[PDB]
Amino acid sequence: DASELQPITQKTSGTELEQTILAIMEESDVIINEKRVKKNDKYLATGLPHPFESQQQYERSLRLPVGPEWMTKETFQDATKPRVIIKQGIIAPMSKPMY
Amino acid sequence: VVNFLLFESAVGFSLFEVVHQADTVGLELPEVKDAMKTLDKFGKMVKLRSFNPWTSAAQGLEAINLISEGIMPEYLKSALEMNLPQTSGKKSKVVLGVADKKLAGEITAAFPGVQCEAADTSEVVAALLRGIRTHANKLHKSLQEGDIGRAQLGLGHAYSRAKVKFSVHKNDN
Amino acid sequence: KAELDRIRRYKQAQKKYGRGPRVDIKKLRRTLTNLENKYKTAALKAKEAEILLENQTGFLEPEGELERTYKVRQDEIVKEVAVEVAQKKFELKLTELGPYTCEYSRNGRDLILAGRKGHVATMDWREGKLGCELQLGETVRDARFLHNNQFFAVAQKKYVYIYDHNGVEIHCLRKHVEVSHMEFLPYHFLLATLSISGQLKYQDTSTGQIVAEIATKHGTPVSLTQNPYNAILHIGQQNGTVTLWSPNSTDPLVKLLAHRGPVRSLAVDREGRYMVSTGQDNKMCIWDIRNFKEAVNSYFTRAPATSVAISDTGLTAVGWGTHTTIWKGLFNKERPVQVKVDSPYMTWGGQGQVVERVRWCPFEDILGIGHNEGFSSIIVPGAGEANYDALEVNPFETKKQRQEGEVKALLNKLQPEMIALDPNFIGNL
Amino acid sequence: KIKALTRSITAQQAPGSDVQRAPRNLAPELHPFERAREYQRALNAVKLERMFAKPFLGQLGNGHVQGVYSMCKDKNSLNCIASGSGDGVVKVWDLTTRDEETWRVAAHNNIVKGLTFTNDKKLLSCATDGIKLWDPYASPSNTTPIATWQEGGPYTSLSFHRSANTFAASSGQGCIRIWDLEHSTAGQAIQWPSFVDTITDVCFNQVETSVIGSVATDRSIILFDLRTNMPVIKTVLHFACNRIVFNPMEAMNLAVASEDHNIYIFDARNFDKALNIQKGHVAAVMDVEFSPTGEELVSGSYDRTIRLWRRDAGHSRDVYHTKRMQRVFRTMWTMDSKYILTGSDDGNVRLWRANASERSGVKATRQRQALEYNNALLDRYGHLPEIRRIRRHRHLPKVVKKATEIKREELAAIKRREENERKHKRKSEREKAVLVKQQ
Amino acid sequence: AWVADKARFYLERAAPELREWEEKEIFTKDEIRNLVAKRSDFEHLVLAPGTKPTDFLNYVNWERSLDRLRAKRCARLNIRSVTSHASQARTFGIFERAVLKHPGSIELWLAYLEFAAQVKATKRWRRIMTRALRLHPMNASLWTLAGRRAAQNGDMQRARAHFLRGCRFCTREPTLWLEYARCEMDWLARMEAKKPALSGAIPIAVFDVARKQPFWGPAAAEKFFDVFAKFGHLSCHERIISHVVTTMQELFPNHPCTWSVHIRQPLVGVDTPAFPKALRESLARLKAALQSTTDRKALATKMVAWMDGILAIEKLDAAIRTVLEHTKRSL
RNA sequence: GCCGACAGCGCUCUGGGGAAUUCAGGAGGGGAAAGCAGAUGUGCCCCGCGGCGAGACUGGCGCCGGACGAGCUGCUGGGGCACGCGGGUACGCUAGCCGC
């Protein structure tokens with residue numbers, strides 16, 4: 001803790017004020033072309049990517065758009081921050097049980 | 001893992017906290033040279049913990065004439081008791097970056113829980129300090145009034161005259 | 001006590017911002033409670049961050065019991081309304097060279113007025129800065145800006161030429177012959193045209209190669225607009241049908257049974273919720289264009305309306321014959337069952353000048369009318385969205401933000417194969 | 001009540017300043033094409049990740065003469081890199097000063113099999129000639145060793161304890177030796193009781209203090225305790241396993257790099273099933289190093305490739321090769337998890353960066369929020385087929401491409417006759433790793 | 001400049017309290033229009049490049065007066081469960097950003113200590129205090145304020161930490177030595193007022209150690225007598241005063257400061273028969289002192305300042321008052 | 001120094017110059033703390049993990065190690081309490097019961 005300064009007792013020599021004052025204090029209709037379009041096919045997912053179990057869960061859990069133009073800045077940060085934040089230095093193997 | 005470092009300049013001491021430390025393996029990389037080249041990136045690495053001016057140019061002249069041979073002063077030990085935490089080397093130490101090896105050995109001698117990487121040894125603190133020397137005008141501008149170059153100039157005339165004994169036997173004028 | 005109203009703001013929050021139904025609910029289970037909690041707070045912090053918006057919207061209200069909104073003259077509006085936009089109510093008298101098509105930019109900072117006898121001019125209308133006035137000789141079918149106000153395209157007698165900001169011809173487009181209508185796809189870079197012989201030509205204006213030519217079979221076309229929400233493209237066909245197109249589908253993608261004569265004019269919302277058209281059988285009718293369901297018993301127009309153009313808010317501008325009327329509440333987006341507007345709102349009057357094209361300013365509260373004697377500009381308080389977003393469209397853009405927005409837009413040129421009805425289709429099975 | 005909406009350019013610049021004030025409306029009626037503009041942003045993210053994939057930093061000076069067959073790292077420092085080639089000559093580098101080696105000695109005669117750093121500053125080397133303790137950092141630079149051991153046998157590897165000054169060596173008698181430095185003459189011997197085969201590699205658990213992992217060319221991984229000296233367990237796998245390593249964040253999980261072209265991630269307290277099988281290799285797998293952050297993995301192949309894995313991936317996140325890198329025998333991380341360090345059979349040792357496109361140093365917040373935005377955007381759109389192909393493709397060389405095609409067709413036939421010879425529940429492909437498990 | 005981005009974080013961070021103020025009946029909607037627009041103009045001014053401590057204190061003063069306006073308007077509309085802590089947290093943000101950008105600004109540091117003291121943030125006040133002392137260690141204002149508030153809080157050991165480190169650093173002016181004799185003798189005033197404390201050799205050690213300093217002069221020693229000359233109701237004040245006068249009459253024995261304390265020395269423990277008694281004793285020392293061969297002009301100016309320096313007292317012999325006026329006329 | 005034919009050569013051509021201004025770009029200098037790497041109000045008490053740290057024992061070989069500990073402090077580790085205005089006990093002050 002390099003916070004709030006600790007009182008001087010013995011170790012900081014400093015001055016003769018420090019040694020003497022600590023010495024004294026110590027001394028105290030509509031036609032819809034229902035026909036599938038070809039060229040809209042490459043923009044479709046070709047299967048549920050692995051962790052998912054249903055098309056409702058996948059295509060419904062791609063609903064909100066990740067970007068600055070669509071979300072507030074707090075959820076653009078809280079959406080695009082990575083899971084493992086690695087700082088520079090030495091990452092030792094862990095030492096004691098965290099929990 | 002450098003915690004603090006000490007930049008000693010012709011206007012005084014100033015010790016900086018360092019957080020978001022340097023790429024200790026990619027120091028010679030060009031993008032790291034850019035981040036050690038411009039102020040808007042290196043200043044994300046350095047803060048300013050403390051500044052200690054000179055109360056007189058006599059203190060400045062004794063400060064050069066101690067720090068050249070590599071001896072710290074009692075006011076430097078004062079400012080480091082002020083800034084560094086009370087540590088032995090028992091269970092938790094503090095790394096300080098110092099541009100001089102004998103000043104590092106004396107400062108680990110006076111403070112048992114500091115451990116000092118000197119910029120003659122390690123290129124990490126040699127670069128992390130070399131760049132405080134590049135931007136230390138703008139890094140100190142918010143608290144030191146006036147230019148640094150005139151204080152340098154007068155301190156260099158003062159140290160040259162005090163080391164050579166100039167005007168005690170130069171009376172040509 | 002107040003947690004009910006907390007759930008009410010939760011309801012409106014996930015209506016406007018939630019963009020989906022919601023994901024119903026082992027490692028998958030905790031990752032989707034994670035994702036659903038982040039989405040919940042994302043919509044709720046967007047709804048809370050709607051209070052930081054600067055500008056309020058313009059209005060006019062019948063303070064009496066007998067003063068009504070279609071009677072209010074623009075001497076009364078120009079007096080009772082602030083002096084910077086009272087500057088913007090201006091007129092501009094150009095008799096000699098034909099009826100004047102007009103078109104703004106998509107920030108409203110510049111307008112072309114094309115003149116059918118030849119006279120085509122590009123201007124900054126607020127500061128009076130005439131960027132170009134090219135004379136051009138032979139006849140002029142349509143003019144329009146491209147992605148910025150820096151290049152514009154004009155449909156000539158035979159080809160379609162495009163021009164720089166100084167009005168210098170960069171190149172003639174030969175592959176488009178007797179183009180009668182144009183529309184620019186802005187999130188693409190995709191200049192789409194209808195020729196006089198019924199041939200859609202979809203170009204890319206960035207790469208410069210034409211990307212989808214398709215001859216529509218319905219004879220000559222009589223109308224054309226563009227859905228801003230889907231980038232699908234409404235051509236209006238003279239059997240009475242609004243035929244709805246795409247670069248991909250070579251058939252009509254969906255065609256609606258609109259009217260009985262040729263359908264004279266088209267417009268869609270920028271939110272893409274509804275549509276309004278009008279034809280020879282003088283009815284003007286609107287559709288819930290998502291469900292493709294005519295939501296309102298049709299209106300009538302006193303003449304075949306050569307133009308309609310609807311605003312960034314609900315106001316629609318139908319330009320019929322020689323004077324144009326605005327209509328306020330034709331499609332309330334929040335209401336399930338659509339009721340009929342019993343009476344108009346702000347009719348601009350008829351004093352002998354046939355209006356050839358009406359337009360709105362996108363972020364001002366003015367309307368630009370395009371009659372045979374030139375360009376008139378009127379102020380109408382309700383129109384234009386008050387709050388913009390300078391990330392997407394900036395009415396006050398410097399040169400730095402023009403260049404940055406142009407290169408970000410080119411880095412986000414959508415591909416022409418990405419066009420469909422529901423545009424959030426990408427990433428489905 | 002006739003109010004228009006009025007705007008001046010004061011809302012663009014407050015006059016007297018230069019802040020281009022940028023208001024923003026987040027109602028979705030003004031920002032169309034959510035899925036589609038984020039698709040095109042994701043496609044540009046993959047094209048730029050692939051465009052700026054420059055993984056190769058460089059080379060630790062003039063390298064060795066013959067091939068680097070063992071190397072190590074100081075777990076307390078980050079830049080102390082030592083590597084012993086096939087002449088006996090070990091060298092010590094500093095990662096800051098990579099143009100030259102800090103220390104150099106012709107330590108042994110044949111090769112250097114084991115190499116490790118002690119807790120203070122000193123290193124240790126095993127070879128067929130026995131084992132030597134060296135002081136690489138002495139101001140009188142001693143080319144002579146300062147300790148040695150030969151009582152034992154053909155010591156074939158070596159690994160060192162985390163906290164206390166202790167190390168174990170994997171011998172040729174099927175045994176591991178425990179030395180506690182400065183007060184042990186001969187090490188304590190711990191072996192499986194009637195065990196004969198060479199015990200190939202040895203590793204300490206860095207997290208749990210007293211668990212020692214060891215592989216044997218009995219194709220058998222064996223775990224020792226250290227508190228009560230006796231062997232704990234022994235499992236026989238199906239193939240010979242070159243190397244073991246434990247997990248620096250999990251006190252139980254271990255990786256073996258095998259001749260089966262695979263990494264196998266096991267639990268330690270339950271040997272009935274593997275936990276992952278990383279299977280991207282073409283030749284046998286020399287080295288496996290977990291990243292010091294836990295998750296990410298690296299394996300050095302017997303052919304010309306480094307494989308960058310994740311903890312839970314199954315298939316290779318990225319692959320590394322040159323024309324001048326011959327047979328990677330050792331690959332280990334630096335002590336931040338950013339760079340990866342390669343000792344091959346060209347007699348040469350290299351810095352590569354993990355995350356080949358990511359560039360180090362300090363970034364402005366728009367740079368790094370741009371890159372984090374690309375990474376989240378690709379963690380959404382990564383599997384749409386254009387984004388999936390432009391990520392997933394990589395130029396790997398001609399012989400590795402041909403030989404992994406041959407492995408695809410050969411495993412296609414072997415699984416085909418596996419299904420016919422079945423035809424005329426199942427057993428899981430992770431359960432088809434543990435051959436037997438002795439008590 | 002990305003001032004719109006970072007400002008967008010601070011505005012959107014400010015938004016849900018504006019939500020709660022619109023949904024409570026406290027402010028109205030156009031008031032919140034003015035409020036959001038003025039918050040915005042300050043955030044762009046503050047995150048702008050060329051800024052000033054005046055600008056940071058303008059937005060602190062306005063944001064805090066906004067908190068008081070919502071407080072009084074809350075007391076008008078009898079609301080409870082609306083809180084001030086987003087305003088206080090926000091104000092700590094403006095200060096932390098302030099003294100991060102302009103850390104060599106004692107207006108900012110003293111104002112931030114003033115806010116942190118007025119909101120009863122004591123531990124945070126001490127953390128700000130230590131950071132301020134580290135960036136301004138040659139500032140007797142800060143060392144004095146830390147020592148005095150530590151003393152009034154009651155931890156005299158931590159007070160002596162701030163003071164003895166202060167006397168280590170601020171050694172050009174006598175000011176902090178004067179305030180540490182003043183605060184240490186304030187503590188001895190508290191100890192003898194509650195009745196080590198019986199001896200009290202600490203400010204005597206401040207005196208005799210203070211001899212060896214670069215400021216140590218006769219006029220500054222007279223300022224030591226101006227410090228010790230108050231609190232005459234003590235145990236050993238005659239011993240401390242007597243050591244000061246004795247030591248100055250052993251080291252500087254030819255100075256009108258020493259003759260001035262030779263005058264005013266029997267008037268320490270007074271405030272009454274002793275008052276004319278020690279007053280005429282100061283007339284014996286006065287007539288003995290004005291004739292002494294010394295800086296007679298300086299003693300004359302000190303005694304014009306002192307005879308003028310008694311005049312506000314009442315209950316005095318008017319013959320003495322007039323004859324000291326005639327002595328000011330005579331010198 | 002102006003003018004300069006023929007022969008020859010080079011540059012350029014909505015011919016060639018000069019100025020005024022409007023627009024589109026490019027390069028360079030100088031100035032600017034130029035610093036959104038994980039953005040959680042304050043204060044007290046109990047727990048948990050840890051740091052300084054007086055003082056005290058011990059094992060093995062002049063050292064290294066164990067394991068005690070008054071006191072003081074950190075913690076974004078989490079939980080429990082309090083925070084606005086009144087009159088009282090109490091003010092160069094706000095500590096403390098009952099209310100609004």
# chains A, B, ... in the order shown; residues from 1 in each chain; ligands from 1

$ residues_around --residues "region 372-385 of chain C" --least-positions-apart "4" --cutoff "7 Å" --atoms "only C-alpha atoms (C1' of nucleotides)" --output "PyMOL selection string"
(chain C and resi 57-60+89-95+98-100+311-313+315+353-356+361-368) or (chain D and resi 3-5)

$ write_last_selection --atoms "N, CA and C atoms" --output "short mmCIF file (atom, residue, chain, number, x, y, z; two decimals), in the first residue's frame"
data_model
loop_
_atom_site.label_atom_id
_atom_site.label_comp_id
_atom_site.auth_asym_id
_atom_site.auth_seq_id
_atom_site.Cartn_x
_atom_site.Cartn_y
_atom_site.Cartn_z
N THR C 57 -39.17 17.65 -32.18
CA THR C 57 -39.79 17.66 -33.50
C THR C 57 -40.77 18.81 -33.63
N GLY C 58 -40.94 19.27 -34.86
CA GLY C 58 -41.86 20.35 -35.12
C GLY C 58 -43.30 19.89 -35.17
N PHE C 59 -44.20 20.80 -34.82
CA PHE C 59 -45.61 20.49 -34.79
C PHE C 59 -46.40 21.76 -35.04
N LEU C 60 -47.69 21.58 -35.30
CA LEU C 60 -48.64 22.68 -35.21
C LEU C 60 -49.98 22.10 -34.78
N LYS C 89 -37.61 29.06 -46.20
CA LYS C 89 -38.76 29.20 -47.11
C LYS C 89 -38.38 30.19 -48.20
N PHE C 90 -37.91 29.68 -49.33
CA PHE C 90 -37.53 30.53 -50.44
C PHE C 90 -38.17 30.00 -51.71
N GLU C 91 -38.14 30.81 -52.76
CA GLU C 91 -38.62 30.40 -54.07
C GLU C 91 -37.62 30.84 -55.12
N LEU C 92 -37.84 30.39 -56.35
CA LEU C 92 -36.78 30.43 -57.35
C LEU C 92 -37.42 30.30 -58.72
N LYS C 93 -37.36 31.36 -59.52
CA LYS C 93 -38.21 31.52 -60.69
C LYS C 93 -37.42 31.23 -61.96
N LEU C 94 -37.75 30.14 -62.64
CA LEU C 94 -37.05 29.71 -63.84
C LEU C 94 -38.07 29.26 -64.87
N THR C 95 -38.46 30.14 -65.77
CA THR C 95 -39.57 29.85 -66.67
C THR C 95 -39.16 29.09 -67.92
N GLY C 98 -38.36 24.40 -69.17
CA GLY C 98 -39.04 23.15 -68.95
C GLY C 98 -39.48 22.96 -67.53
N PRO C 99 -40.20 21.88 -67.24
CA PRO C 99 -40.53 21.58 -65.85
C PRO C 99 -39.33 21.01 -65.13
N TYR C 100 -39.19 21.39 -63.86
CA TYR C 100 -37.96 21.16 -63.12
C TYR C 100 -38.14 20.02 -62.13
N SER C 311 -42.20 11.32 -45.80
CA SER C 311 -41.15 11.98 -45.05
C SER C 311 -40.47 11.04 -44.07
N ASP C 312 -39.49 11.58 -43.35
CA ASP C 312 -38.77 10.84 -42.33
C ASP C 312 -39.63 10.58 -41.11
N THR C 313 -40.68 11.37 -40.92
CA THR C 313 -41.81 11.04 -40.07
C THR C 313 -43.02 10.82 -40.97
N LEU C 315 -45.47 12.18 -42.42
CA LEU C 315 -46.13 13.07 -43.36
C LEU C 315 -45.90 12.62 -44.80
N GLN C 353 -49.21 26.68 -61.60
CA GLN C 353 -47.91 26.07 -61.83
C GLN C 353 -47.98 24.58 -61.52
N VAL C 354 -47.87 23.78 -62.58
CA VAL C 354 -48.02 22.33 -62.50
C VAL C 354 -46.78 21.73 -61.86
N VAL C 355 -46.97 21.07 -60.72
CA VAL C 355 -45.85 20.55 -59.94
C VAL C 355 -45.37 19.24 -60.55
N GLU C 356 -44.12 19.24 -61.04
CA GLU C 356 -43.58 18.08 -61.73
C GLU C 356 -42.88 17.11 -60.80
N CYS C 361 -37.04 17.60 -47.65
CA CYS C 361 -35.71 17.58 -47.06
C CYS C 361 -35.61 16.46 -46.03
N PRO C 362 -34.48 15.76 -45.97
CA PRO C 362 -34.41 14.62 -45.06
C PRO C 362 -34.31 15.02 -43.60
N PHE C 363 -33.60 16.09 -43.26
CA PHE C 363 -33.52 16.46 -41.86
C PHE C 363 -33.91 17.90 -41.58
N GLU C 364 -34.41 18.62 -42.57
CA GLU C 364 -35.05 19.90 -42.34
C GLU C 364 -36.56 19.68 -42.30
N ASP C 365 -37.30 20.72 -41.94
CA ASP C 365 -38.76 20.65 -41.93
C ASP C 365 -39.33 21.34 -43.16
N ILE C 366 -38.65 21.22 -44.29
CA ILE C 366 -39.11 21.85 -45.51
C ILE C 366 -39.38 20.79 -46.57
N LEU C 367 -40.09 21.24 -47.60
CA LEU C 367 -40.53 20.45 -48.74
C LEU C 367 -40.15 21.19 -50.00
N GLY C 368 -39.57 20.46 -50.94
CA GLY C 368 -39.13 21.04 -52.18
C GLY C 368 -39.96 20.63 -53.37
N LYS D 3 -44.54 25.39 -34.20
CA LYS D 3 -43.12 25.21 -33.93
C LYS D 3 -42.54 24.37 -35.05
N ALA D 4 -41.46 24.83 -35.66
CA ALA D 4 -40.68 23.94 -36.51
C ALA D 4 -39.60 23.29 -35.66
N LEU D 5 -38.74 22.50 -36.30
CA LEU D 5 -37.53 22.03 -35.64
C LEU D 5 -36.37 22.79 -36.25
#

$ interface_residues --of "chain F" --to "chain A" --cutoff "10 Å" --atoms "only C-alpha atoms (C1' of nucleotides)" --output "VMD selection string"
chain F and resid 37 to 39 49 51 to 52 54 72 to 74 77

$ write_last_selection --atoms "N, CA and C atoms (P, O5', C5', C4', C3', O3' and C1' of nucleotides)" --output "PDB file, in the first residue's frame"
ATOM      1  P     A F  37      -8.252   2.623 -22.322  1.00  0.00           P
ATOM      2  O5'   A F  37      -7.956   1.570 -21.174  1.00  0.00           O
ATOM      3  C5'   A F  37      -8.815   0.456 -20.973  1.00  0.00           C
ATOM      4  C4'   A F  37      -8.092  -0.715 -20.353  1.00  0.00           C
ATOM      5  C3'   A F  37      -6.938  -0.370 -19.407  1.00  0.00           C
ATOM      6  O3'   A F  37      -6.919  -1.304 -18.335  1.00  0.00           O
ATOM      7  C1'   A F  37      -6.178  -1.823 -21.085  1.00  0.00           C
ATOM      8  P     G F  38      -7.438  -0.885 -16.880  1.00  0.00           P
ATOM      9  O5'   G F  38      -8.979  -0.573 -17.094  1.00  0.00           O
ATOM     10  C5'   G F  38      -9.948  -1.122 -16.211  1.00  0.00           C
ATOM     11  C4'   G F  38     -11.196  -1.532 -16.945  1.00  0.00           C
ATOM     12  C3'   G F  38     -11.926  -2.724 -16.343  1.00  0.00           C
ATOM     13  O3'   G F  38     -13.325  -2.586 -16.566  1.00  0.00           O
ATOM     14  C1'   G F  38     -11.228  -3.249 -18.536  1.00  0.00           C
ATOM     15  P     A F  39     -14.327  -2.472 -15.320  1.00  0.00           P
ATOM     16  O5'   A F  39     -14.230  -0.943 -14.899  1.00  0.00           O
ATOM     17  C5'   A F  39     -14.307   0.067 -15.893  1.00  0.00           C
ATOM     18  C4'   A F  39     -14.078   1.442 -15.335  1.00  0.00           C
ATOM     19  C3'   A F  39     -15.316   2.077 -14.731  1.00  0.00           C
ATOM     20  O3'   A F  39     -14.905   3.053 -13.785  1.00  0.00           O
ATOM     21  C1'   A F  39     -14.686   3.282 -16.649  1.00  0.00           C
ATOM     22  P     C F  49      -8.168 -17.216   5.768  1.00  0.00           P
ATOM     23  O5'   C F  49      -7.367 -16.590   4.541  1.00  0.00           O
ATOM     24  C5'   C F  49      -7.522 -17.111   3.230  1.00  0.00           C
ATOM     25  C4'   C F  49      -7.007 -16.148   2.192  1.00  0.00           C
ATOM     26  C3'   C F  49      -5.623 -15.585   2.445  1.00  0.00           C
ATOM     27  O3'   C F  49      -4.570 -16.476   2.144  1.00  0.00           O
ATOM     28  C1'   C F  49      -7.058 -13.830   1.821  1.00  0.00           C
ATOM     29  P     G F  51       1.837 -12.042   2.220  1.00  0.00           P
ATOM     30  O5'   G F  51       1.961 -10.687   1.404  1.00  0.00           O
ATOM     31  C5'   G F  51       3.054  -9.824   1.612  1.00  0.00           C
ATOM     32  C4'   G F  51       2.611  -8.425   1.935  1.00  0.00           C
ATOM     33  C3'   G F  51       3.465  -7.725   2.956  1.00  0.00           C
ATOM     34  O3'   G F  51       4.666  -7.265   2.388  1.00  0.00           O
ATOM     35  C1'   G F  51       1.178  -7.291   3.376  1.00  0.00           C
ATOM     36  P     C F  52       6.040  -7.544   3.148  1.00  0.00           P
ATOM     37  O5'   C F  52       6.548  -6.081   3.466  1.00  0.00           O
ATOM     38  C5'   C F  52       7.110  -5.803   4.724  1.00  0.00           C
ATOM     39  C4'   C F  52       6.422  -4.666   5.420  1.00  0.00           C
ATOM     40  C3'   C F  52       6.851  -4.472   6.852  1.00  0.00           C
ATOM     41  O3'   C F  52       8.104  -3.830   6.970  1.00  0.00           O
ATOM     42  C1'   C F  52       4.509  -4.316   6.721  1.00  0.00           C
ATOM     43  P     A F  54      10.721  -5.684  12.861  1.00  0.00           P
ATOM     44  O5'   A F  54      11.016  -5.510  14.410  1.00  0.00           O
ATOM     45  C5'   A F  54      11.182  -4.209  14.941  1.00  0.00           C
ATOM     46  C4'   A F  54      10.366  -4.002  16.188  1.00  0.00           C
ATOM     47  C3'   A F  54      10.714  -4.881  17.370  1.00  0.00           C
ATOM     48  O3'   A F  54      11.894  -4.477  18.042  1.00  0.00           O
ATOM     49  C1'   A F  54       8.369  -4.743  17.153  1.00  0.00           C
ATOM     50  P     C F  72      -3.807  -1.406  16.432  1.00  0.00           P
ATOM     51  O5'   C F  72      -3.290  -0.993  14.986  1.00  0.00           O
ATOM     52  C5'   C F  72      -2.496   0.168  14.819  1.00  0.00           C
ATOM     53  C4'   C F  72      -1.828   0.189  13.472  1.00  0.00           C
ATOM     54  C3'   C F  72      -2.730  -0.038  12.276  1.00  0.00           C
ATOM     55  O3'   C F  72      -3.482   1.101  11.906  1.00  0.00           O
ATOM     56  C1'   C F  72      -0.761  -1.318  12.035  1.00  0.00           C
ATOM     57  P     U F  73      -4.925   0.913  11.224  1.00  0.00           P
ATOM     58  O5'   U F  73      -4.591   0.456   9.736  1.00  0.00           O
ATOM     59  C5'   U F  73      -3.921   1.336   8.848  1.00  0.00           C
ATOM     60  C4'   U F  73      -3.369   0.618   7.644  1.00  0.00           C
ATOM     61  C3'   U F  73      -4.384   0.013   6.697  1.00  0.00           C
ATOM     62  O3'   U F  73      -4.987   0.963   5.845  1.00  0.00           O
ATOM     63  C1'   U F  73      -2.656  -1.540   7.077  1.00  0.00           C
ATOM     64  P     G F  74      -6.412   0.644   5.188  1.00  0.00           P
ATOM     65  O5'   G F  74      -6.063  -0.234   3.905  1.00  0.00           O
ATOM     66  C5'   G F  74      -5.203   0.267   2.895  1.00  0.00           C
ATOM     67  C4'   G F  74      -4.827  -0.805   1.903  1.00  0.00           C
ATOM     68  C3'   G F  74      -5.979  -1.468   1.173  1.00  0.00           C
ATOM     69  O3'   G F  74      -6.468  -0.695   0.095  1.00  0.00           O
ATOM     70  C1'   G F  74      -4.498  -3.123   1.942  1.00  0.00           C
ATOM     71  P     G F  77     -10.611  -8.208  -6.351  1.00  0.00           P
ATOM     72  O5'   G F  77     -11.377  -9.259  -5.432  1.00  0.00           O
ATOM     73  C5'   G F  77     -12.792  -9.257  -5.394  1.00  0.00           C
ATOM     74  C4'   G F  77     -13.346 -10.323  -4.494  1.00  0.00           C
ATOM     75  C3'   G F  77     -14.668  -9.994  -3.832  1.00  0.00           C
ATOM     76  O3'   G F  77     -15.777 -10.092  -4.703  1.00  0.00           O
ATOM     77  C1'   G F  77     -13.229 -10.960  -2.249  1.00  0.00           C
TER      78        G F  77
END

$ closest_atom_pairs --of "chain D" --to "chain E" --cutoff "10 Å" --atoms "only C-alpha atoms" --output "tab-separated table"
residue	atom	partner	partner_atom	distance
D:11	CA	E:41	CA	9.7
D:14	CA	E:41	CA	7.8
D:16	CA	E:45	CA	9.8
D:17	CA	E:45	CA	7.8
D:18	CA	E:48	CA	8.0
D:19	CA	E:3	CA	6.5
D:20	CA	E:4	CA	7.4
D:21	CA	E:4	CA	5.7
D:22	CA	E:4	CA	5.8
D:23	CA	E:4	CA	7.9
D:24	CA	E:8	CA	9.3
D:365	CA	E:2	CA	9.8
D:366	CA	E:2	CA	9.0

$ interface_residues --of "chain D" --to "chain C" --cutoff "8 Å" --atoms "only C-alpha atoms" --output "MDAnalysis selection string"
chainID D and resid 1:9 12 22:37 39:41 44 381 384

$ residues_around --residues "residue 14 (chain B)" --least-positions-apart "3" --cutoff "12 Å" --atoms "only C-alpha atoms (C1' of nucleotides)" --output "ChimeraX atom specification"
/B:4-11,17,46-54,76,79-80,83,97-98,129,132-133,136,139-140,143-144 /E:134-137

$ residues_around --residues "residue 27 (chain B)" --least-positions-apart "6" --cutoff "8 Å" --atoms "only C-alpha atoms (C1' of nucleotides)" --output "number ranges by chain"
B: 33, 124; D: 96

$ write_last_selection --atoms "C-alpha atoms" --output "PDB file, in the first residue's frame"
ATOM      1  CA  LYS B  33       9.107   1.739 -31.662  1.00  0.00           C
ATOM      2  CA  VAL B 124      13.451  -2.735 -21.008  1.00  0.00           C
TER       3      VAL B 124
ATOM      4  CA  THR D  96      16.029  -8.558 -25.316  1.00  0.00           C
TER       5      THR D  96
END

$ select_by_dssp --residues "region 77-245 of chain C" --states "alpha helix (DSSP H)" --output "ChimeraX atom specification"
/C:77-80,83-86

$ write_last_selection --atoms "C-alpha atoms" --output "compact mmCIF listing (two decimals), in the first residue's frame"
# COMPACT_ATOMS: atom_id res chain seq x y z
CA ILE C 77 -45.85 29.96 -40.53
CA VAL C 78 -42.93 32.15 -41.68
CA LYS C 79 -43.93 34.79 -39.14
CA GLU C 80 -44.62 32.43 -36.22
CA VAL C 83 -35.75 33.07 -38.54
CA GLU C 84 -33.11 30.53 -39.64
CA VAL C 85 -35.77 28.30 -41.23
CA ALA C 86 -37.82 31.33 -42.24
